[PDB]
Amino acid sequence: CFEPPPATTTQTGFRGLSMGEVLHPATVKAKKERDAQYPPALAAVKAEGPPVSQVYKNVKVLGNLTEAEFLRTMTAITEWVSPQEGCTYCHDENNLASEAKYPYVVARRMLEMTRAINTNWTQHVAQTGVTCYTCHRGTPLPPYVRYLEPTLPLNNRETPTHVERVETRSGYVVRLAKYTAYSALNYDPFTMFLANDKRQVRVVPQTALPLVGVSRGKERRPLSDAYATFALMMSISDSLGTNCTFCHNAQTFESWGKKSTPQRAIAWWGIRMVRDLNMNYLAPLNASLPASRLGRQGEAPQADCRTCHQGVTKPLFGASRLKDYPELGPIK
Amino acid sequence: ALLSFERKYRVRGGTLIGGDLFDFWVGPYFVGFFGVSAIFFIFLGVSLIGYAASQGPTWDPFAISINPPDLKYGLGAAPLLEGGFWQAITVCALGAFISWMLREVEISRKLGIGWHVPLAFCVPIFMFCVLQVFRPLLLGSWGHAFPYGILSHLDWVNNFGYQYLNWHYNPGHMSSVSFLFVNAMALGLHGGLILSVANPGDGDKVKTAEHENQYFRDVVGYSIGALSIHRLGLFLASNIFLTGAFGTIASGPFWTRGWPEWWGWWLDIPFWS
Amino acid sequence: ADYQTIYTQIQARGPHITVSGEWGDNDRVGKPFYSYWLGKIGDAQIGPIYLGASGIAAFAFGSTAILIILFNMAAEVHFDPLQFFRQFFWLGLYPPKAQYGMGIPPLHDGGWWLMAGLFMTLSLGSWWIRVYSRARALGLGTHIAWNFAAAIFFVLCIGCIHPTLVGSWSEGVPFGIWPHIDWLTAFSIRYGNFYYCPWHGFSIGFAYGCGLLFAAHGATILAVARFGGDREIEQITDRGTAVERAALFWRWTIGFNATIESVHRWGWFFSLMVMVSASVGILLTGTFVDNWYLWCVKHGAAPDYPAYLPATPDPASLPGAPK
Amino acid sequence: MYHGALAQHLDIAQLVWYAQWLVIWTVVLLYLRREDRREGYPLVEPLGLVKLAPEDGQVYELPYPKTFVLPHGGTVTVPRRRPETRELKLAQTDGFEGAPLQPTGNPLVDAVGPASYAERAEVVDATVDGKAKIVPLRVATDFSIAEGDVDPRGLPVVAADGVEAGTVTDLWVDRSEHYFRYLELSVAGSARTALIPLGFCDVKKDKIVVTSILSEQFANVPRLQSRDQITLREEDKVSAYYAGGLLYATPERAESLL
Ligand code: BCB
Ligand code: BCB
Ligand code: BCB
Ligand SMILES: C/C=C1/c2cc3[nH]c4c(c3C)C(=O)[C@H](C(=O)OC)c4c3nc(cc4[nH]c(cc(n2)[C@@H]1C)c(C(C)=O)c4C)[C@@H](C)[C@@H]3CCC(=O)OC/C=C(/C)CCC[C@H](C)CCC[C@H](C)CCCC(C)C
Ligand SMILES: C/C=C1/c2cc3[nH]c4c(c3C)C(=O)[C@H](C(=O)OC)c4c3nc(cc4[nH]c(cc(n2)[C@@H]1C)c(C(C)=O)c4C)[C@@H](C)[C@@H]3CCC(=O)OC/C=C(\C)CCC[C@H](C)CCC[C@H](C)CCCC(C)C
Ligand SMILES: CC(C)=CCC/C(C)=C/CC/C(C)=C/CC/C(C)=C/CC/C(C)=C/CC/C(C)=C/CC/C(C)=C/CC1=C(C)C(=O)c2ccccc2C1=O
Ligand code: HEC
Ligand code: HEC
Ligand code: HEC
Ligand code: HEC
Ligand SMILES: CC(C)=CCC/C(C)=C/C=C/C(C)=C/C=C/C(C)=C/C=C\C=C(C)\C=C\C=C(/C)CC/C=C(/C)CCCC(C)C
Ligand SMILES: CCCCCCCCCCCC[N+](C)(C)[O-]
Ligand SMILES: CCCCCCCCCCCC[N+](C)(C)[O-]
Ligand SMILES: CCCCCCCCCCCC[N+](C)(C)[O-]
Ligand SMILES: [Fe+3]
């Protein structure tokens, strides 16, 4: 039922406003240990010999690396994505230039996506960056992805209940609730807001009085947009293991300036980045995936805030490998 | 000066401390020793509010705000401008409230009546302590307490709630809200009923105890009775804070997640998971 | 201590009284029975109950509304009885999610909600007639009915008057435990934080005052139960020492006092004002104010605070930022 | 353009704000606070001598009289002139305006302070249909003690000093509300009966404990006119007597507890 004291608390607004984090140490420790499994950087290698564009036969992304540099990458990729499966997950034992296994082609696009993240989305990932490990955590299927309908459990490494299974219709409300921090909000924030750029998150008017011409009847946004934004915010908070005051002074959710923390701006960039990733890198990959990876509408698994963050306000508590693997970005 | 029936009640005695020294009235007000301590604390607190408010940005009453210290000062004294005034004012408040309660027991003794009213007045004093003293003790800073300002204290209630994603799902809150609602409803019913019996209108004659009970038996099939509705009303009102205090004390010290998630004890039973 | 104020020490039994009303004396059904444990803290007699036309009409319409809600709820769990009990709190009947304006919504998107709203409203009106006419039948003033009227009026405000004034049924209160709770935040978020709505403030002021008054009034009567202060009607018409002491307790405490009758007017008025203030607030919201916080800023009332972590510009307004 | 805008930086909600305060203060000041004054007004000063004309504020603070049509005949009008006639056996302890009064005699018999009774009608309170409301069980023979509960009839009454003071002979019941309000008891060694409000009674299974008065003080409990019914003023006299004991039964009860 309850969590024993003490609680760790932080301050994120002026004194007296009750803004800041409330954290259970046990829970933080369990997440710290889970995230400390991040494999350490492989030892640096001397840049020696010709570029692998001249040495190997089918190297389209990593072509400016030397042989030892490139094989160091391939070791790191195997550690991050398929340590249990090994190099043969993506490769033919007898022909390392064969694209015959689908993980090869996907991994190539993932290489491009990852460098895109570290080069074009520094407004969100800063100097910390991502690697394949950030999402994959040592398995080819990342533990936290989303379909065009809610699935349970959130961690696909756990085995679903009959009711949790997406085909059991009697369990839909619970599948939806657990994605919105157990609220009864009747909206799926992922397909509404993170799958594409079609919907506006902001719903609150920016004037005191209602403007004539947007304020009556069918000119009005339905109230459901406000439910939906709230649902997105429940989901976002739960995905970072935090509460609203991490980003907002609830005195005025819609105001910036002194009424928002810098984390709110970073979160804003995060919404745009996730949209780019899903629309332009992850959703097109239903062409290249087996039918057992796709959802009930032939969609590929896509990313939300939890995919990288897994319940922590900084993924892997700020761990970085950017300086150790320049080939993953940023790219000049 | 005096109500037509008042003089025969204006007798000596019933004090708790000081005997005759403070046993007197000033206008309608009984004084007593706790009358004196109350005025002391009120004068001190209002002075500190005034001094603190003048060192602040504005004089608009809606925007004045005396705030507690940053969390980093823990449970220690903080510099006057950045939390100290809040600390001082808080102590005056407790002095004033407790004095006020004890003054009411003295008035009760002199009139030979029950002490039920100061007893009931303990509940809101207790709730004030839950918010400003006990819960900040459990968390380790006075910084978690609420600020003194007409509108600013609402911003604290606001953010405090959203620190647990949706406070409405707090079970102590649900209980508290339910007593606030039914208490307001019962008071309407009780006042409505009494007035309806004494004031039928039209020169019609005033009705009876039996009419009172007949009405509620007719409408809802039961009538708790005259004395009992007064006991129930004290019970209902008191439980706004008596049950609410659990939902407040729990948040932070004994629960750090959102309050919707707390209901997983029900939703996630494996039997029907 | 006066143990009588805690519970009845020695209970009494006697023949059941029946006050005759101008009509309907035969529509009292049931045989009265007595509960000894109830009788410790209250009156021991349960029943009979009056059973007029308006009361049955209320039960009829109410059950229809309940049934429409429960059926839609069960549809939400594809009629699995076990998941229905599990998920009960999270199930709901929703007004339209899409913007149809004031057009009648499809049954699958708000029509059933509108239906359940109609039958609940009829049930409330029917019960109101019961509350009113029962008073006149027994020769009593109609004070309760006018308080109850304000409470019904507030429900109509959040249920359909405010939707029709702004012109969208999408703004009604859903039916269900958690979902009617969720509406409060959606609404407050839409209209710019309800803490900054002065009529929220008024309503809360009166609601808190109802707690203050009923705690204070209840405590007062119990403190004078030894002199019979619970027999309030005859203390109104013939002031006894009970209400003299009650009046003098408050006068010597706060400097002024009520009478045994006027304290009930206070209480009645405070109760009424919870609902009247709430209704003015909803009636103004959306029709004449769009963001209550900005409205308080416009009129110079909102508090401001220093930044703690750095002030943060809206990134969407920086040059070259994506949409 | 804006819904709710008016000329020169006014909007409708701003006006309603003012109107709402005006409504509140009107009802509170001009209505409720005058209703509050239908008892005990006009106030009493160190002799209000101006018999020729009333002072203006005393007229302004009062509501128009209202008349109650009583259920068994009669009318009451409030407010009205009701000075307290009876001589009070109290003396001013000082010259100050709000100094307390002191009892000159025995305050329980003299009915001052917490022992004061109101001057209610010397009238028996009545049921809906005219009968006496508060009657002992010997008269109210269709009323019983509920099965479960002490029958006090026969039990002794122990006073504050631990002395048995009498024996409970009957319970008086409210026939309108089905609720016992008094015990009747014979005071031992005095050949008379006394009534006790239940609220002063600690009902145990072998005794009735009564802490408000001493055993000897049961002798001077106000007596009733009739044996089998009570008037509203008598109810006040009886109830007040024990309440006066809370402060007066012993010299130490009026002084500070600390
Ligand atoms: C977004 C945040 C929200 C929120 C956050 C919230 C928090 C954080 C807490 C509450 C609490 C409470 N909320 Mg809740 N809330 C409530 C109702 C309530 C109260 C019933 C309950 C107790 C308030 C209290 O402690 O007073 C305190 C009053 C006191 C202490 C009175 C002190 C008086 C003192 C003794 C004397 C003062 C004397 C003066 C200075 C003298 C001057 C007098 C002059 C005239 C001379 C309703 C009815 C709603 C609705 C309709 O939505 C709601 C929504 C919300 N609440 C939002 C969801 N609420 C409290 C609770 O119980 O939670 C379980 C609480 O801690
Ligand atoms: C846990 C949640 C709490 C809460 C949540 C809350 C909400 C959500 C709202 C209020 C509102 C109010 N609160 Mg607040 N509050 C207040 C006082 C106030 C008033 C400004 C106002 C109406 C109160 C009322 O009518 O009650 C009933 C009592 C009555 C009717 C008797 C009259 C009391 C009098 C009007 C109070 C005036 C006090 C003075 C302004 C302050 C003293 C000044 C000094 C210098 C003498 C005090 C004095 C305290 C203390 C000592 O604990 C307190 C604690 C809390 N409030 C907790 C922090 N309160 C409302 C408001 O409009 O604020 C702007 C409002 O919407
Ligand atoms: C984050 C969102 C919040 C919010 C959102 C909110 C909204 C949107 C509205 C309120 C409203 C109100 N809020 Mg507020 N709120 C309140 C307190 C209050 C109430 C005093 C007031 C009136 C509601 C009421 O009494 O309904 C209880 C009584 C009701 C609902 C009447 C029911 C009567 C009906 C006849 C009953 C009959 C039912 C049938 C028998 C059953 C049949 C059903 C079947 C057929 C299905 C407190 C004390 C706090 C604190 C401490 O923070 C708070 C914070 C919040 N509120 C946050 C700001 N609140 C209302 C208001 O005043 O706005 C100006 C309002 O409209
Ligand atoms: C500030 C003003 C307050 C206020 C005022 C007032 N509120 C009143 C009156 C006043 C003056 C009445 O005169 C009337 C009444 O009659 O009271 C005895 C009434 C009402 N307020 C109810 C509920 C409510 N008030 C709420 C709030 C506020 N109100 C605000 C706070 C809330 C909240 C907070 O959500 C709720 C849920 C119902 C009990 C009742 C209507 C039943 C009905 O409309 O029928 C609807 C028809 C049905 C079939 C529903 C059946 C179930 C219900 C519980 C009815 C069952 C009764 C039945 C007799 C049981 C038989 C038992 C028998 C076998 C032994
Ligand atoms: C469930 C229990 C209910 C309940 C019960 C009862 N309530 C009682 C009694 C009972 C039984 C009394 O016997 C007593 C009384 O006599 O009635 C007239 C009383 C009283 N209830 C008051 C206020 C009240 N009740 C509230 C709530 C409930 N009550 C709940 C609902 C609320 C809110 C917010 O809800 C308020 C504001 C005063 C009017 C009065 C105390 C006067 C005092 O104490 O004098 C002493 C103090 C002063 C005169 C001023 C002191 C100034 C200090 C030093 C400096 C200010 C500091 C302050 C903290 C700053 C705050 C700023 C602010 C904007 C944040
Ligand atoms: C200057 C100096 C040295 C003075 C010394 C003396 C001294 C201690 C003075 C104190 C000065 C102070 C601090 C005064 C402030 C007084 C205060 C706190 C007033 C608060 C008033 C408020 C806002 C009350 C809210 C409650 C309210 C609306 C009450 C209105 C209705 C009333 C009067 C209710 C009380 C009341 C109740 C509850 C009954 O049940 C009852 C039953 C039968 C008869 C009368 C009553 C009755 O009067
Ligand atoms: C999927 C996540 C892979 C795992 C595990 C391993 N490799 Fe890989 N490899 C992968 C891709 C998508 C590519 C193409 C790279 C590009 O820039 O286009 C490669 C390439 C190679 C090569 C060069 C082969 C050639 O074209 O001649 C070699 C030699 C190679 N990979 C070796 C290698 C080893 C030894 C691995 C286990 C340590 C390994 N790879 C894992 C995808 C994936
Ligand atoms: C989150 C932003 C990711 C990062 C960074 C990387 N990957 Fe990824 N990958 C991600 C998703 C959401 C998916 C879809 C689920 C799926 O299993 O397809 C994938 C998929 C792959 C695959 C295909 C594996 C399979 O389907 O069995 C491979 C081989 C893969 N990803 C490799 C890979 C590499 C090498 C990465 C770093 C260069 C990398 N991914 C980053 C999410 C994310
Ligand atoms: C940071 C990681 C956040 C947390 C935790 C919460 N919110 Fe949020 N919110 C955030 C951003 C970046 C934005 C802007 C979205 C955009 O695309 O522009 C928002 C927006 C809102 C809004 C809408 C405000 C408007 O202009 O209409 C609301 C009402 C809101 N947020 C509320 C809210 C609540 C209640 C939260 C805790 C449950 C919460 N947010 C968390 C960033 C972050
Ligand atoms: C991997 C591709 C990510 C996805 C998807 C999302 N985030 Fe992220 N975030 C990521 C990194 C590598 C970092 C850097 C950590 C650091 O040390 O700077 C971040 C940072 C944030 C922050 C800043 C938190 C802070 O304490 O300063 C926030 C508020 C944040 N992220 C929010 C957020 C949201 C709301 C997302 C979904 C829209 C989201 N992130 C996705 C990596 C990735
Ligand atoms: C002209 C026509 C077509 C349109 C106008 C129709 C019209 C007047 C519509 C009005 C609609 C209104 C007033 C809607 C208001 C709805 C509101 C305020 C709903 C609020 C809360 C609902 C709740 C809490 C319902 C929960 C439902 C359940 C728990 C299932 C029902 C079962 C029950 C046992 C009910 C118990 C409720 C409670 C006593 C515990
Ligand atoms: C809007 C509510 C309409 C409900 C109609 C059904 C109620 C019937 C009223 C009968 C009243 C008869 N009467 C006056 C003798 O009590
Ligand atoms: C609980 C919300 C209370 C907010 C009170 C704000 C009221 C502002 C009214 C302003 C009156 C108009 N004017 C001219 C003085 O600005
Ligand atoms: C926010 C709700 C406002 C409620 C206001 C009720 C206050 C009661 C004022 C009592 C005034 C006393 N007196 C003697 C000056 O009239
Ligand atoms: Fe009463």
# chains A, B, ... in the order shown; residues from 1 in each chain; ligands from 1
call {"tool": "select_by_dssp", "arguments": {"residues": "range 48-210 of chain D", "states": "strand (DSSP E)", "output": "CSV table (one decimal) with C-alpha atoms, in the first residue's frame"}}
result
chain,number,residue,atom,x,y,z
D,66,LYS,CA,-42.6,39.2,13.7
D,67,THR,CA,-45.5,37.2,15.2
D,68,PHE,CA,-45.4,33.5,15.9
D,69,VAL,CA,-48.9,31.8,15.9
D,75,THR,CA,-49.0,34.4,19.8
D,76,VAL,CA,-45.4,35.6,20.5
D,77,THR,CA,-43.9,38.7,19.0
D,78,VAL,CA,-40.2,39.3,18.7
D,90,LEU,CA,-25.4,39.6,43.3
D,91,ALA,CA,-23.0,42.4,44.2
D,92,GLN,CA,-20.5,44.3,42.0
D,101,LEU,CA,-20.7,40.2,40.0
D,102,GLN,CA,-20.4,38.1,43.2
D,103,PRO,CA,-23.1,36.0,44.7
D,134,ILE,CA,-42.6,15.4,29.4
D,135,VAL,CA,-44.2,12.8,31.7
D,136,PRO,CA,-42.9,10.1,34.1
D,144,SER,CA,-40.9,1.3,28.0
D,145,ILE,CA,-37.2,1.1,28.5
D,156,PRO,CA,-29.1,4.3,44.1
D,157,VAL,CA,-27.9,7.8,43.2
D,158,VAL,CA,-24.3,8.6,44.3
D,164,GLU,CA,-25.7,7.7,48.4
D,165,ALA,CA,-28.3,10.4,48.2
D,166,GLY,CA,-31.5,8.7,47.0
D,167,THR,CA,-33.1,6.1,44.9
D,168,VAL,CA,-34.4,6.4,41.3
D,169,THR,CA,-38.1,5.9,41.3
D,170,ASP,CA,-39.1,6.9,37.7
D,171,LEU,CA,-38.0,8.1,34.3
D,172,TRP,CA,-39.6,11.1,32.6
D,173,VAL,CA,-39.8,10.6,28.8
D,174,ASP,CA,-40.4,13.0,25.9
D,179,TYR,CA,-36.4,10.2,24.5
D,180,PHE,CA,-35.8,10.1,28.2
D,181,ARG,CA,-34.9,13.5,29.6
D,182,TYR,CA,-35.1,13.2,33.4
D,183,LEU,CA,-34.8,10.6,36.2
D,184,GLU,CA,-37.0,11.0,39.2
D,185,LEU,CA,-35.4,10.1,42.6
D,186,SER,CA,-36.4,10.1,46.2
D,187,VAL,CA,-33.9,12.1,48.2
D,192,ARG,CA,-39.5,14.4,48.9
D,193,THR,CA,-38.8,13.7,45.2
D,194,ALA,CA,-36.3,15.4,42.9
D,195,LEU,CA,-35.8,15.4,39.1
D,196,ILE,CA,-32.4,15.1,37.5
D,197,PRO,CA,-31.6,15.8,33.8
D,202,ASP,CA,-23.6,8.7,34.7
D,203,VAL,CA,-25.8,5.6,34.3
D,208,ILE,CA,-26.3,6.4,39.0
D,209,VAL,CA,-23.2,8.7,39.5
call {"tool": "residues_near_ligand", "arguments": {"ligand": "ligand 8", "cutoff": "7 Å", "atoms": "only C-alpha atoms and all ligand atoms", "output": "ChimeraX atom specification"}}
result
/A:77,81,90,103-104,106-107,110-111,114,130-136,140-142,145,282,289,293,300-303,307-308
call {"tool": "write_last_selection", "arguments": {"atoms": "N, CA, C and O atoms", "output": "short mmCIF file (atom, residue, chain, number, x, y, z; two decimals), in the first residue's frame"}}
result
data_model
loop_
_atom_site.label_atom_id
_atom_site.label_comp_id
_atom_site.auth_asym_id
_atom_site.auth_seq_id
_atom_site.Cartn_x
_atom_site.Cartn_y
_atom_site.Cartn_z
N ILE A 77 28.36 -2.35 -31.13
CA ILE A 77 26.99 -2.59 -31.58
C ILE A 77 26.48 -3.94 -31.08
O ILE A 77 25.35 -4.06 -30.60
N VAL A 81 23.21 -4.17 -28.74
CA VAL A 81 21.98 -4.62 -29.38
C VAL A 81 21.75 -6.12 -29.24
O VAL A 81 20.65 -6.56 -28.90
N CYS A 90 23.08 -10.20 -37.30
CA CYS A 90 22.93 -9.35 -38.47
C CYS A 90 23.65 -9.89 -39.70
O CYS A 90 23.36 -9.41 -40.81
N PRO A 103 17.93 -7.83 -39.75
CA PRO A 103 18.61 -6.95 -38.79
C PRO A 103 19.74 -6.16 -39.40
O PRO A 103 20.00 -5.05 -38.93
N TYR A 104 20.40 -6.68 -40.44
CA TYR A 104 21.44 -5.91 -41.11
C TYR A 104 20.89 -4.59 -41.64
O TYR A 104 21.41 -3.52 -41.32
N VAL A 106 18.04 -3.03 -41.07
CA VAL A 106 17.53 -2.20 -39.99
C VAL A 106 18.67 -1.52 -39.25
O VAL A 106 18.64 -0.31 -39.00
N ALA A 107 19.71 -2.29 -38.89
CA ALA A 107 20.86 -1.72 -38.18
C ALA A 107 21.50 -0.59 -38.97
O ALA A 107 22.00 0.38 -38.38
N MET A 110 19.29 2.30 -38.38
CA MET A 110 19.49 2.70 -36.99
C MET A 110 20.79 3.49 -36.83
O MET A 110 20.84 4.44 -36.04
N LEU A 111 21.84 3.11 -37.56
CA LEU A 111 23.07 3.89 -37.55
C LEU A 111 22.81 5.32 -38.02
O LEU A 111 23.30 6.28 -37.41
N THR A 114 20.63 7.14 -35.34
CA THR A 114 21.41 7.50 -34.16
C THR A 114 22.31 8.71 -34.42
O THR A 114 22.40 9.61 -33.58
N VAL A 130 23.00 9.80 -27.42
CA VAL A 130 22.52 8.43 -27.28
C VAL A 130 23.48 7.49 -28.00
O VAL A 130 24.26 7.90 -28.87
N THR A 131 23.43 6.22 -27.60
CA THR A 131 23.96 5.08 -28.35
C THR A 131 22.83 4.08 -28.58
O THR A 131 21.69 4.29 -28.15
N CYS A 132 23.16 2.97 -29.24
CA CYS A 132 22.14 1.94 -29.40
C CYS A 132 21.69 1.44 -28.04
O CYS A 132 20.55 0.98 -27.90
N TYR A 133 22.58 1.50 -27.04
CA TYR A 133 22.22 0.93 -25.75
C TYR A 133 21.09 1.71 -25.11
O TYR A 133 20.23 1.11 -24.44
N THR A 134 21.05 3.04 -25.32
CA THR A 134 20.04 3.87 -24.67
C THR A 134 18.65 3.28 -24.82
O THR A 134 17.90 3.17 -23.85
N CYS A 135 18.30 2.88 -26.05
CA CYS A 135 17.03 2.24 -26.34
C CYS A 135 17.06 0.74 -26.10
O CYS A 135 16.18 0.21 -25.41
N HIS A 136 18.05 0.04 -26.66
CA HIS A 136 17.95 -1.41 -26.78
C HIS A 136 18.25 -2.13 -25.47
O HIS A 136 17.61 -3.15 -25.16
N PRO A 140 17.70 -7.09 -29.00
CA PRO A 140 17.33 -6.53 -30.32
C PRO A 140 16.01 -5.77 -30.31
O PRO A 140 15.91 -4.69 -30.89
N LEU A 141 14.98 -6.30 -29.67
CA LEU A 141 13.75 -5.56 -29.45
C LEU A 141 13.89 -4.72 -28.20
O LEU A 141 14.12 -5.28 -27.12
N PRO A 142 13.81 -3.39 -28.28
CA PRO A 142 13.92 -2.55 -27.08
C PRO A 142 12.78 -2.84 -26.11
O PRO A 142 11.66 -3.13 -26.54
N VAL A 145 8.66 0.03 -26.23
CA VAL A 145 8.19 0.59 -27.49
C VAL A 145 6.67 0.70 -27.47
O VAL A 145 6.00 0.29 -26.52
N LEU A 282 11.47 5.36 -37.78
CA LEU A 282 10.98 4.11 -37.21
C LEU A 282 9.74 3.59 -37.94
O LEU A 282 9.63 2.37 -38.15
N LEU A 289 10.53 -5.21 -41.76
CA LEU A 289 10.48 -6.07 -40.58
C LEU A 289 9.62 -7.30 -40.85
O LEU A 289 8.72 -7.25 -41.69
N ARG A 293 7.01 -8.81 -35.90
CA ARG A 293 7.36 -7.57 -35.23
C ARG A 293 6.26 -6.52 -35.32
O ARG A 293 6.14 -5.67 -34.42
N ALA A 300 5.20 -0.71 -37.44
CA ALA A 300 6.41 -1.07 -36.73
C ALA A 300 6.32 -0.55 -35.30
O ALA A 300 5.53 0.35 -35.01
N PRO A 301 7.09 -1.11 -34.38
CA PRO A 301 7.17 -0.52 -33.04
C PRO A 301 7.85 0.84 -33.10
O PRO A 301 8.83 1.04 -33.83
N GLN A 302 7.32 1.79 -32.34
CA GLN A 302 7.81 3.16 -32.35
C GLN A 302 8.22 3.59 -30.95
O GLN A 302 8.10 2.83 -29.97
N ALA A 303 8.75 4.80 -30.85
CA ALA A 303 9.40 5.28 -29.64
C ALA A 303 8.55 6.35 -28.99
O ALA A 303 7.85 7.11 -29.67
N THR A 307 10.99 4.98 -24.06
CA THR A 307 11.97 4.22 -24.82
C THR A 307 13.40 4.59 -24.42
O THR A 307 14.24 3.71 -24.17
N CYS A 308 13.70 5.89 -24.33
CA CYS A 308 15.02 6.28 -23.86
C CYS A 308 15.09 6.45 -22.35
O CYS A 308 16.09 6.07 -21.74
#
call {"tool": "closest_residue", "arguments": {"among": "A:192, A:24, A:18, A:73", "to": "residue 6 in chain A", "atoms": "only C-alpha atoms"}}
result
A:24
call {"tool": "residues_near_ligand", "arguments": {"ligand": "ligand 5", "cutoff": "6 Å", "atoms": "only C-alpha atoms and all ligand atoms", "output": "list in words"}}
result
residues 41, 42, 45, 46, 92, 93, 96, 97, 100, 117, 118, 120, 121, 123, 124, 148, 149, 150, 153, 237, 238, 240 and 241 of chain B; 208, 211, 212, 215, 216 and 254 of chain C
call {"tool": "residues_around", "arguments": {"residues": "residue 36 in chain D", "least_positions_apart": "2", "cutoff": "10 Å", "atoms": "only C-alpha atoms", "output": "list in words"}}
result
residues 247, 256, 257, 258, 259, 260, 261, 262, 263, 265 and 266 of chain C; 31, 32, 33, 34, 38, 39, 40, 41, 61, 62 and 63 of chain D
call {"tool": "write_last_selection", "arguments": {"atoms": "C-alpha atoms", "output": "PDB file, in the first residue's frame"}}
result
ATOM      1  CA  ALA C 247     -25.815  33.349  22.767  1.00  0.00           C
ATOM      2  CA  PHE C 256     -21.513  39.528  18.804  1.00  0.00           C
ATOM      3  CA  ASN C 257     -24.046  36.705  18.565  1.00  0.00           C
ATOM      4  CA  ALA C 258     -27.056  35.257  16.774  1.00  0.00           C
ATOM      5  CA  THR C 259     -30.359  33.929  18.058  1.00  0.00           C
ATOM      6  CA  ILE C 260     -31.399  30.275  18.058  1.00  0.00           C
ATOM      7  CA  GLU C 261     -33.494  31.036  15.018  1.00  0.00           C
ATOM      8  CA  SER C 262     -31.062  33.301  13.175  1.00  0.00           C
ATOM      9  CA  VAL C 263     -28.142  30.848  13.456  1.00  0.00           C
ATOM     10  CA  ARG C 265     -30.713  31.406   8.717  1.00  0.00           C
ATOM     11  CA  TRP C 266     -26.947  31.927   8.677  1.00  0.00           C
TER      12      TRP C 266
ATOM     13  CA  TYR D  31     -30.891  41.151   7.051  1.00  0.00           C
ATOM     14  CA  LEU D  32     -28.978  38.550   9.084  1.00  0.00           C
ATOM     15  CA  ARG D  33     -27.448  40.885  11.669  1.00  0.00           C
ATOM     16  CA  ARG D  34     -30.890  42.299  12.386  1.00  0.00           C
ATOM     17  CA  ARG D  38     -34.719  39.618  17.927  1.00  0.00           C
ATOM     18  CA  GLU D  39     -33.626  38.574  21.452  1.00  0.00           C
ATOM     19  CA  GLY D  40     -32.051  40.540  24.260  1.00  0.00           C
ATOM     20  CA  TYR D  41     -32.477  43.942  22.507  1.00  0.00           C
ATOM     21  CA  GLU D  61     -30.501  47.920  14.412  1.00  0.00           C
ATOM     22  CA  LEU D  62     -33.821  46.213  15.012  1.00  0.00           C
ATOM     23  CA  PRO D  63     -35.952  44.321  12.467  1.00  0.00           C
TER      24      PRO D  63
END
call {"tool": "residues_near_ligand", "arguments": {"ligand": "ligand 2", "cutoff": "6 Å", "atoms": "only C-alpha atoms and all ligand atoms", "output": "VMD selection string"}}
result
(chain B and resid 46 128 150 to 151 153 to 154 157) or (chain C and resid 195 200 to 202 204 to 206 208 to 209)
call {"tool": "closest_atom_pairs", "arguments": {"of": "chain A", "to": "chain D", "cutoff": "8 Å", "atoms": "only C-alpha atoms", "output": "CSV"}}
result
residue,atom,partner,partner_atom,distance
A:209,CA,D:2,CA,5.9
A:210,CA,D:3,CA,5.5
A:211,CA,D:2,CA,4.6
A:212,CA,D:2,CA,5.3
